[PDB]
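Working notes, structure below.
Here is the naming used below: chain letters follow the sequence lines, and residue numbers restart at 1 for every chain. These numbers come from the heavy atoms of this one structure, side chains and all, not from hydrogens, waters or symmetry mates.
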Amino acid sequence: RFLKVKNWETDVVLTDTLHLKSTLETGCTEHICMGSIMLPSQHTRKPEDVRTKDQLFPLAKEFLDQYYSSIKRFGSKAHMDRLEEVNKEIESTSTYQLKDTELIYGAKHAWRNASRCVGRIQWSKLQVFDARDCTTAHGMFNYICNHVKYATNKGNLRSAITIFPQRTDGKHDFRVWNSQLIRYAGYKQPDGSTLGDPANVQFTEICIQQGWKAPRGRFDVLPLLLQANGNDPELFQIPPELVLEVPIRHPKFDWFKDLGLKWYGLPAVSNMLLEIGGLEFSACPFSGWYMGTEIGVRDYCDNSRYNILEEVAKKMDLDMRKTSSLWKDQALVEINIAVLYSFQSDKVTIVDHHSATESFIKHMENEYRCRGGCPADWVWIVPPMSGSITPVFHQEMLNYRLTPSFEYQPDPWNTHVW
Amino acid sequence: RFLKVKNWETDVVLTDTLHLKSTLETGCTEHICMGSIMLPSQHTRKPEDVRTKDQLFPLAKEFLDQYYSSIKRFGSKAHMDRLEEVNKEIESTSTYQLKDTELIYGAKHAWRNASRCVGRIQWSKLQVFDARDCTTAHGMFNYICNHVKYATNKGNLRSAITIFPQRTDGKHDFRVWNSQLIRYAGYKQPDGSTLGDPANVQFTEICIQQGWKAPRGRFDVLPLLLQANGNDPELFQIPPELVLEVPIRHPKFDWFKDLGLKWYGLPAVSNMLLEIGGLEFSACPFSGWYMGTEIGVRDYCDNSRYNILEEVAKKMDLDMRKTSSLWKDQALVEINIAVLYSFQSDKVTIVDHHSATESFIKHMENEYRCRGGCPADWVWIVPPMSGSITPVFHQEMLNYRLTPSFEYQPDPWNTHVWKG
Ligand code: HEM
Ligand code: HEM
Ligand SMILES: Cc1cc(N)nc(COc2cccc(OCC3CCNCC3)c2)c1
Ligand SMILES: Cc1cc(N)nc(COc2cccc(OCC3CCNCC3)c2)c1
Ligand SMILES: C[C@H](O)[C@H](O)[C@H]1CNc2nc(N)[nH]c(=O)c2N1
Ligand SMILES: C[C@H](O)[C@H](O)[C@H]1CNc2nc(N)[nH]c(=O)c2N1
Ligand SMILES: [Zn+2]
């Protein structure tokens, strides 16, 4: 019932009471742990699944109850009157609207409960842009551009989420088909390999399939593909002036820059579903700033990504004959030193994995005292390099699902009717 | 029910039907995941929890069932008579003895089932030494020495395990107090600094208290502390000629040797409990060979261990002033390069993390093919550096508990009833 977590490097023990509020399910049972499945059913929301009048009210009450608790006015007339108001409106309309205040609290808290996110110490500083009055793709494009500009802030990045109208009958969905607002194109060849980013090959083709003339570079910023109100989606190019990029160079190896690598500054996840008080915001792109490893370990070095390790090791003149020389490892460290140094040099916000994990531990400790715990997913929180020399490695974490939340949702192209 | 696991680097999908044979429990529920908890309730065995006839026979039946399928004799006359024999023996004596074959099979399986072990490709080559005739500590010391010598094999290491008598009434336990058979002393100093291995401080105090005269150096092999038949434990120095050690140097850095580091060649875990057919074998040391990171990342570089990163980064004159310089990540790699280099030079078996994880992926796929699954703990299988440039990071894994199995048990010094 009450539950301990131990840091094995510091012997600190924290008691968890927050988990007993867990409203959603994990994927696990007494018989099988699923802690390392990317996408259990539970973590996804399929669009067929429209909320019914009966399921919606419980969800609303629970949400409004925590809302009114947070502003220390639990069980007050304003609490009670709101609960009735929303009640009535469900009874009549079969949905309800959130007050701005609730929208903002809802968004901040979905981030707060993102148990896979290492960056949550920052959860309370989110800028929320209410785009609920949007009606078209053009509108969405305008909203996104404003989001991007505000977030980038000349390199001094600021967290933001833009919130498009909530799902209704699931026929009128707003969606951003892009998985991130800013990503590079991926192209195959007759040759057979890949040019640019292999992660985006399909999506890159879906855009070309829609009229995108592609400049066919290794770093073509993909067009936004936007869908308002269940309509066919539309292509739009983000003004390059709004897309901050960093050329990647090494603080010690001047040959580094000769590979002509760069990366974009703004990580802005776009494909997720934001759920507040049973309401579904299926388009809610959000952004903050990069932990260095997301670019350097994963984006460059994952086999099925830019896979530059082989290339970097060669220029480093390391013994690539045998795994046991740790050449892959050696190179991985330099590549990451480079990314951090470039961003830092161009005064664009970035955090190293040592620092982020330190902050997250402070954050857990804060959440244990003030809230009674902090849901956390060790498989995702531990960074993908130097795992055990970061303090999160030695930290037991409890993972459970609280609401409001971000959830995954199927790729729109498998679901949309034309 | 069928269950699917995806590998996100290769899109290989596998199907687990084996989880359906899973008896024990995880710690998780529909509403919590305890997958990152180190010692959950269910992964441990308190010695006060000694089994009744009541619960024993199903566990015995289950196990003998598994045993006779593996040798293709399910429902054999030999199978039924063994069932009735064991049954008669349980009602009569309240326990029962494993045949040699069953001990051998049980032990391989515990290993095969060890979901936190990346070494498992090797599970079928385990030398099992049956020490079920041992009645004393001195008997224990003698057995362990033969294990160490045989497993060491002049640097060409061989998996082995030594199995001492099972629990009876939980008052007569055999136990190896050591957590590993070979380990370096740790000494807290009055100024608060530690000399030798910080992991081992407590155990070192117990030893010193039990009579050990401590050389008090940075790398002193601790004596064995051994309990037989529930008796107070006794002390023994492994003969040094039996302890293979490898001085640590770096292929390119000549100053590295001057850090004065060395490590022992044989990883040999001695504190776990072996559960076979409901039977409990509370001293059962087993040994293998090292994955480099186990010394190079954890043993030297954990803040809570020899913590040599500072000194190695110093000597590389790295920019240690900001973390964002990755001086820790850089020092970590060099140290690990050094560890693999020293072991290979001296022809002491060792495996690097890339090579071990690749093997484990092949093992795992084969285990799905022919066994119907492979229980795996991702949190433990992924290496402690360079996670995502090894293929296990991208591998979805089902974790669940099968018997036979290796369990944790509480530290003997916490539970033992002193004879004085
Ligand atoms: C401010 C800097 C931030 C940093 C450094 C950061 C860091 C991370 C990292 C490393 C991950 C792991 C995912 C991966 O490897 O691709 C992650 C996941 C995530 N973060 Fe953040 N984060 C930040 C801000 C945000 C913001 C603003 C939100 C939303 C408001 C957010 C919500 C999430 C969610 C939902 C996930 C995981 C989705 C899932 O699988 O369930 N984070 N974060
Ligand atoms: C062949 C050489 C072997 C290698 C390279 C190897 C590798 C490993 C590693 C790296 C771990 C994780 C431990 C840690 O990081 O602290 C581990 C766990 C384990 N291995 Fe091995 N292993 C080997 C042989 C064996 C043998 C012979 C056995 C028993 C017969 C065994 C049983 C285990 C068990 C039971 C655990 C996990 C303990 C737990 O439940 O928490 N392994 N192995
Ligand atoms: C706002 C934000 C900031 C940041 N630094 N990093 C992120 C990335 O976090 C997410 C959040 C949700 C999904 C996701 O993508 C999953 C893919 C799967 C393969 N590896 C990582 C990317 C990544 C977001
Ligand atoms: C036979 C063998 C070979 C090998 N290479 N590595 C191992 C390591 O296996 C274990 C098996 C059980 C416990 C354990 O360590 C547990 C604690 C927790 C943190 N690490 C060290 C002590 C390590 C065994
Ligand atoms: C199979 C495994 O669950 C998958 O590769 C996960 C593991 N941990 C991760 N952790 C982070 N931060 N990001 C990821 O994409 C993944 N991938
Ligand atoms: C809290 C966490 O479970 C703990 O630090 C675990 C994580 N993964 C590990 N993995 C291995 N191989 N060895 C370990 O000791 C640990 N420690
Ligand atoms: Zn779990």
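Of all heavy-atom pairs spanning A:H43 and A:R401, the tightest one is CA-NH1, 2.9 Å. The two residues B:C33 and A:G35 have their closest heavy-atom pair at SG-CA, 4.2 Å. Nearest approach of A:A376 to A:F360, heavy atoms of both residues: CB-CZ, 3.9 Å. Nearest heavy atom pair, residue B:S388 against residue A:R298, reads OG-CD, 3.5 Å. Shown here for A:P165 and A:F281, the closest heavy-atom pair between the two residues is C-CD2, 4.3 Å. Of all non-hydrogen atoms in A:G288 and A:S159, the two that sit nearest each other are CA-OG, 4.0 Å.
Looking at A:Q409, its side chain does come within 3.5 Å of a backbone N or O of A:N271 through a donor-acceptor pair. When atom types are taken as modelled, the side chain of B:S325 and the backbone of B:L318 share no donor-acceptor pair closer than 3.5 angstrom. Without hydrogens or angle criteria, A:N178 side chain to A:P223 main chain gives a donor-acceptor distance under 3.5 Å. In this structure, the side chain of A:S270 engages the main chain of A:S179 through a donor-acceptor pair within 3.5 Å. In terms of modelled atom types and a separation under 3.5 Å, the side chain of A:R120 and the main chain of A:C117 share a donor-acceptor contact. For A:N156 (side chain) and A:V348 (main-chain N/O), no donor-acceptor pair under 3.5 Å exists by modelled atom type. A:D302 places no side-chain N or O within 3.5 Å of a backbone atom of A:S304 that could act as its donor or acceptor partner. Remark: the backbone N or O of A:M291 is paired with a side-chain donor or acceptor of A:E294 at under 3.5 angstrom. A distance-only check finds a donor-acceptor pair linking the side chain of A:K257 to the backbone of A:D254 [under 3.5 Å].
With 3.5 Å as the limit, one finds no donor-acceptor pair spanning the side chains of A:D173 and A:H416. With no hydrogens or angles considered, a side-chain donor-acceptor pair links A:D16 and A:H19 at under 3.5 Å. A donor-acceptor contact closer than 3.5 angstrom links the side chains of B:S386 and A:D329. Of the N and O atoms on the side chains of A:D352 and B:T323, at least one donor lies less than 3.5 Å from an acceptor on the other residue. Between the side chains of B:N303 and A:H394, no donor-acceptor pair of N or O atoms lies under 3.5 Å. A:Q42 and A:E407 are not linked by any side-chain donor-acceptor pair at a separation below 3.5 angstrom, with hydrogens and angles left out of the test. Side-chain contact check for A:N200 and A:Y187: no donor-acceptor pair (N or O, by modelled atom type) lies under 3.5 Å. Between the side chains of A:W263 and A:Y300, not a single donor N or O lies within less than 3.5 Å of an accepting N or O. Using a 3.5 Å distance cut-off with no hydrogens or angles, the side chains of A:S405 and A:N113 do not pair a donor with an acceptor. With no hydrogens or angles considered, no side-chain donor-acceptor pair links A:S115 and A:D377 at under 3.5 Å. Neither side chain, A:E396 nor B:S36, offers a donor N or O lying under 3.5 Å from an acceptor on the other. There is a side-chain donor-acceptor pair under 3.5 Å between A:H147 and A:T162. Residues B:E334 and A:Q330 bring a donor and an acceptor atom of their side chains to less than 3.5 Å of each other.
Taking the ring centroids of A:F393 and A:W8, they lie at or beyond the 6.0 Å cut-off. A:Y264 and A:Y184 have their aromatic ring centers within a separation under 6.0 angstrom.
When each of A:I335, A:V312, A:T293, A:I295 is tested with A:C301 by the rule side chain to side chain contact (heavy atoms under 4.5 Å, CB included), just one qualifies, namely A:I335.
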Residues A:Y68, A:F74; criterion ring-ring contact (aromatic ring centres under 6.0 Å, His included); working and verdict: CA-CA 5 Å; A:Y68 275 84; A:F74 183 91; 8.9 Å; no
A:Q227 vs A:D232, side chain to side chain contact (heavy atoms under 4.5 Å, CB included): CA-CA, chis, key distance, verdict: CA-CA 6 Å; A:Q227 159 201 313; A:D232 290 350; over 6 Å; no
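Atom NZ of A:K315 is surrounded by more than 12 heavy atoms from other residues, nucleotides or ligands within 6.0 Å. Environment of CG in B:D317: sparse, with no more than 12 heavy atoms of neighbouring residues, nucleotides or ligands closer than 6.0 Å. Within a 6.0 Å sphere centred on CD of B:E310, heavy atoms belonging to other residues, nucleotides or ligands number 12 at most. Applying the 6.0 Å contact sphere to NZ of A:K149 captures no more than 12 heavy atoms from other residues, nucleotides or ligands.
Judged by the 6.0 Å distance and 45° axis criteria, A:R158 is positioned over the aromatic ring of A:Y150.
With contacts defined as side-chain heavy-atom distances shorter than 4.5 Å, the pair A:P285/A:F164 qualifies. A:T357 has its side chain out of reach of A:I361: every pair of non-hydrogen atoms, C-beta onward, lies at least 4.5 Å apart. In this structure the side chain of B:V333 never reaches within 4.5 angstrom of the side chain of A:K328, judged on heavy atoms. Side-chain contact between B:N336 and B:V297 is present, with at least one heavy-atom pair separated by less than 4.5 Å. Side-chain atoms of A:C207 and A:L222, non-hydrogen and from C-beta on, do get closer than 4.5 Å to each other.
The existence of a salt bridge linking A:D65 and A:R82 is excluded, since no basic side-chain nitrogen approaches an acidic carboxylate oxygen closer than 4.0 Å. A salt bridge links A:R249 with A:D346: the closest approach of a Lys/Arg side-chain nitrogen to an acidic carboxylate oxygen falls below 4.0 angstrom.
Ring geometry, A:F219 versus A:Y306: the interplanar angle falls under 30°, so the pair is classed parallel (tilted spans 30 to 60°). Using cut-offs of 30° and 60° on the angle between ring planes, the pair A:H250 and A:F253 is tilted.
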